[PDB]
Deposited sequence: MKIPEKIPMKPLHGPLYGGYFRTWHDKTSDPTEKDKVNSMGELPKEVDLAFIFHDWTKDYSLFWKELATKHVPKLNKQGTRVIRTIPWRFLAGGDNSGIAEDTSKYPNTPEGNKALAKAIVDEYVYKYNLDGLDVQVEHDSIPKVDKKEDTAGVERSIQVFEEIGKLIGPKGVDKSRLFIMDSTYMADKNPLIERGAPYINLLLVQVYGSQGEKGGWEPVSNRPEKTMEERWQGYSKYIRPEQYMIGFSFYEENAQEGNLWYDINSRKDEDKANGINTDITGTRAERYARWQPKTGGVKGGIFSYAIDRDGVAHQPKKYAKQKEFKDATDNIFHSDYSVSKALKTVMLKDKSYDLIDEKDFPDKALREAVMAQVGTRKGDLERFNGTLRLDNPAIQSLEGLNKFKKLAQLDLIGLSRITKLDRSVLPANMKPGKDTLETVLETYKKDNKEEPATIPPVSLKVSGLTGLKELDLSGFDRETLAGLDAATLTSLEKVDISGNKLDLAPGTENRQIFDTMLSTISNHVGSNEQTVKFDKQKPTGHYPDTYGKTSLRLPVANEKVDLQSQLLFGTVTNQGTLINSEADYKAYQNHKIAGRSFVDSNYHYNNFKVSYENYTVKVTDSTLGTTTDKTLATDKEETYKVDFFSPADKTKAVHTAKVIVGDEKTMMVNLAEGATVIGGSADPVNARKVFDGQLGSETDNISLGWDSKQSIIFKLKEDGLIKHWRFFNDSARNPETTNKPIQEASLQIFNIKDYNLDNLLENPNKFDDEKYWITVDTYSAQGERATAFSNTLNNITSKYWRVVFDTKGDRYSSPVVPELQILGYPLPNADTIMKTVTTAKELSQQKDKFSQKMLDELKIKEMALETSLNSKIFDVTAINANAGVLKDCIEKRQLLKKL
C-alpha cells in the first residue's frame, strides 16, 4: 500500500458539518455483499468532517486500502477532513482494549501511557495519513475489567487522553491532525472533559430525538431537564462555543425500539413503495442547523450519525412495534448539503470587523477575548478587560448585549463614557433571542431569561471629563475608582437605584467625584446630577429584637410586626419603619434629596406577608398562629421562617406575657422502654423527639390497646404531659385517634422496684401502678392532648393508649412528652415534703408552735418548687432547711 502524500488544507473555519459513515456500508468493505452501493469517497465538499465509524469485529482490509489510497486524497482535495473514530476503552488496559492489552509494552506508568498514546496515533492516524482522531466518551465504551466498569481504567484513560493531546490537536506537536471528543454525557458527568478539553479542537455531543432536543420532562418540578441549553451551559465551562457541535441521526436500516429518533422526515404512511425523503422541511435536523446558544457565542456546527443513510426516509412511527425504508439506497447526500446550506445562510457567522469596532486595539481585544463572530456579541456573558492604554475610542461597546463584566483600566485617552459607548445591558432587560427548537409549552414560546446588567470597573481613566450613567437603574457604583478619575468635570448618576446616604460606599465614590468636579469647574445642578434614586430594598441578614415583654391583657399582638421587620439597602442602611424612611428621604446633597419623590416607604420595603412562624409555649405546646392572645400569662419561643425554607428560622425571639416562666424540657425524650404489651422498637420512637415520616411504621402493636413501661433518663420534677395522635404527623391519616388513655407511675410503696425490673411483663397491669391522669376523647378532631400534672416525681412510668376500635385499629402515636424541669434527687426532695406533711398531722406529739414553724419551712420549699422561674439552687436550699427541721 503506497500511502499518498497529504494534500494541504485550509484552517477549520465554522460553521461546520460532520457525518459518521459506517464502514460496513462502503462497497469495498465486503465484496461478497450485493446491497452495498455507497462509498465514503462520494461524500460532498459540504462535509467538513468525515468520521470513519467502524465495526471492530470486522477486517475490511480492502476498504482500508481504498480509503487510504483513494478516498482521503479525493476528500482532502475538496476540503473534507477524514477522521478516525475510536472508543474510550482503547485509552486504557482491559476488556477488548486492543493495543493496550499488551501490558508489557504499555504498562500503567508515565512511560507506558506515553508509549500507548504514541501507539494509538501511529495506528489510527498516521497509518493511513488521516486528518484526526475522535474519541467516543460514552458509557457504552467505558473501560472494563472482567465485564465490570473499572475505576483504575477510567483514571488511566484521562492520562492517556492528555498524552495523545501532546501529539495531536491544538496543544500537540502535530497541530495539523485534529483531536476530537464526542460524548453522550452532560459535562458534569463526563470524567474526561476537565483535563481533556484543553487538548481538543472540537467537542461533539449526540442529541438525537425529541429528548435530546427538548430535554426530558421532570414531573415533580414540572420542568424540562437536560435541555439543549443546559447541556451546552455545562460544557461552556470547558470549551469555546465555536468548538461545540450538536448531532442528530439518520434512520438506520432495521432500527429497533430504542434507536428510533425521527430526526429526519418519515415515509408517508400510504406511500408504501417510497423509501426516500430528502426534504429538510420541518426536521429536527434543520432546527439543529439554525439553533444557537443564548449565551456564550455561536456554535461550531452540527453532525449526523450514519450519513451513509442521508435521504433515506424514516420508518413511520406507526410501525415501530419489512418497510421500504429498511432497504439499502445509493445516497447523493442531498440532506447534508441542504443542512450545510442552511448554516451558511446564518448571518450570526458574519465576522466582527472595523464597522463594529473602529479602534484597532479595541477590535483586537474583542477578537482575542470574546470571539470573531457578530453573533458572539449578542451572547457573550463573561469578562472583557480593556487595559490597553492605546485604545482611543470605545465605539462599538453598545453591541454587547449580555456582557457580565467590563473593566476599563488605564485608558487615559478616553474623555467621555455614556450610553453610546457602553454595553446595551447597562440597564435591566430580558433575552430577546428566540428559540428555534420545539419546547414542552405553548407554541414553543419560553420565558425570556433575565440578562444581568453588566458590572463595570473603571480605574485610571485620567483623561475622562464626562461620566453619564443616568437612567440605567444601576444598583451600585462599586467598581468606580473615583480617586483616579482626576479630569472629571461632569457627572450624572441620576435615575439609578443608588443608596447615597452618608457613610455608604456609593456616597464615598460620589463625594470623591464631586470634589474633583468642584475643583475643576465648580459643582452645580449642570455639572453634577445624582437624584431620582430608587434604591432596592433587601431582607436583613439578621434581626435585633430578640425579646418582647407584654402585660397580661385582652389583646392580640401581631408577632411579625413586633419582632420580624426591617428593610436594608445593598449599602447596609437599615430602615426599620416608616419613620426611618422619612429620615432617609431627609438626606440632602447640596440642598436636595437624592431619593425619587415618587418612591415611598411602601414601594421600598420588603414584604413579610408570606413568612411563617412556629410559636412554642413554656410547656412545649406549639401553634403556627402569627397572632398571639395575651389574656394568658405564658412565656414562648417564636421562630420565623422565610417562604424559601420552612425549616430554617431566620429569627428567633422570646415573648413573655406577664411574669417570665422557665421553658420546660421534655423529660421523657430518650426514655428507656422496658416493658408494656407492645413493640419495644416502635415504642421507643414515641420518645425520639420527632413526629416521624409516614414512610416509617410507628404502630405500637396489633390490638387496639397498647401499654409502654419506661424509665426517664434523668431525675425531673414533672409538671405536664402531652401525647400526639397520628393526625399530628399526617392530617389525612386513616389511623383512628386515641379514645382512652392513662398515664401512670409505679407504686414503689406497695411493691418492690426490683420485682418490676426483673419481670416487667408480670407488672403490666393497673393494680401495680398509680394513675396520675386519664384522657377520654371529646369527639372532635384533635391532633394532641396535654394536661398539667402536680409536681410528680418518679423514675418509672407506664402509659396506656387505647383507640377503642375493632380489629386493625392499632394506636399510632407520633410522640409522648413528659414535661418538667430537671431536678436531681427529686424523689428525696418530694419524700421530705411527704414526711413534713405526715409530721403536721401528729397534733398530740407536737405543739402548735413546732407545727407552725415546720409548716413555714414546708411552704418555703413548696413555693420554690412551683416558682415560675425554676431555680434548683433555692429548691435545694429550702429542702435542706426542711430536712433539718424534720430532726426533729
> Deposited sequence versus model: which ranges have no CA atoms?
Replying inline: 322 to 325, 893 to 899
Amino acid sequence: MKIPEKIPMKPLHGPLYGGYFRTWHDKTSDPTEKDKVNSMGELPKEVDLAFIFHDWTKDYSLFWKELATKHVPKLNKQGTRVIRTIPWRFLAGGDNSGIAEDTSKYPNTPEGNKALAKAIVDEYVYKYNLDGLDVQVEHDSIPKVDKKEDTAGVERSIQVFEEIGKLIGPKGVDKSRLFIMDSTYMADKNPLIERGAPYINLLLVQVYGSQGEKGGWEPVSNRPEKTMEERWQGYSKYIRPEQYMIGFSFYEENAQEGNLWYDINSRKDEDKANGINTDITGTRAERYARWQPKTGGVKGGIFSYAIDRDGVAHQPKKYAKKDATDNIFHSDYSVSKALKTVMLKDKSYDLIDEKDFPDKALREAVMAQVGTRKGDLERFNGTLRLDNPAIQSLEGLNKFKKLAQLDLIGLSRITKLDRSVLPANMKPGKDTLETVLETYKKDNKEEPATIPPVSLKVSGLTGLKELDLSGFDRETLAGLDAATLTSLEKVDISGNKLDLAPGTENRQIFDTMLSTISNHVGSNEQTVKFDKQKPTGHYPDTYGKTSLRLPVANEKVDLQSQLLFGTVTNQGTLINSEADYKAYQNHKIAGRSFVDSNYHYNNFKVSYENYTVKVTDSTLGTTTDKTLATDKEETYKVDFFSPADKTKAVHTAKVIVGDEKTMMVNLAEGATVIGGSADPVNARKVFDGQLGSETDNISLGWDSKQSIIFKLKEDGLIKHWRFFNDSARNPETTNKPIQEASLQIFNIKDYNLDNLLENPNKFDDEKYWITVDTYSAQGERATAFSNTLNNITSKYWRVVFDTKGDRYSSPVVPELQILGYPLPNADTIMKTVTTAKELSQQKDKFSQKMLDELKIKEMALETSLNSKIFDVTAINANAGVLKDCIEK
From here on, numbers count along this sequence of modelled residues.
>> Tell me which stretch has the larger mean Cα B-factor in this entry, 470 to 478 or 748 to 756.
In response: 748 to 756
>> Comparing average C-alpha B factors as deposited, tell me which of 150 to 158 and 378 to 386 sits higher.
In response: 150 to 158
> Out of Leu403, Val173, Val205, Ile328, which one has a C-alpha B factor higher than all the others in the entry?
Replying inline: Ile328
> Which has the highest CA B-factor per the PDB entry: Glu609, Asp131, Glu252, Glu634?
Replying inline: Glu609
>> Taking only the Cα B-factors deposited for this chain, tell me whether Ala289 sits in the lowest, middle or highest third.
In response: lowest
> Is the Cα B-factor recorded for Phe641 in the lowest, middle or highest third of its chain?
Replying inline: middle
>> Ranking the modelled residues of this chain by C-alpha B-factor as given in the entry, is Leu16 in the lowest, middle or highest third?
In response: lowest
>> Splitting the chain's C-alpha B-factors into thirds, which one does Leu43 fall into?
In response: lowest
> Would the CA B-factor of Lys582 place it in the lowest, middle or highest third of its chain?
Replying inline: highest
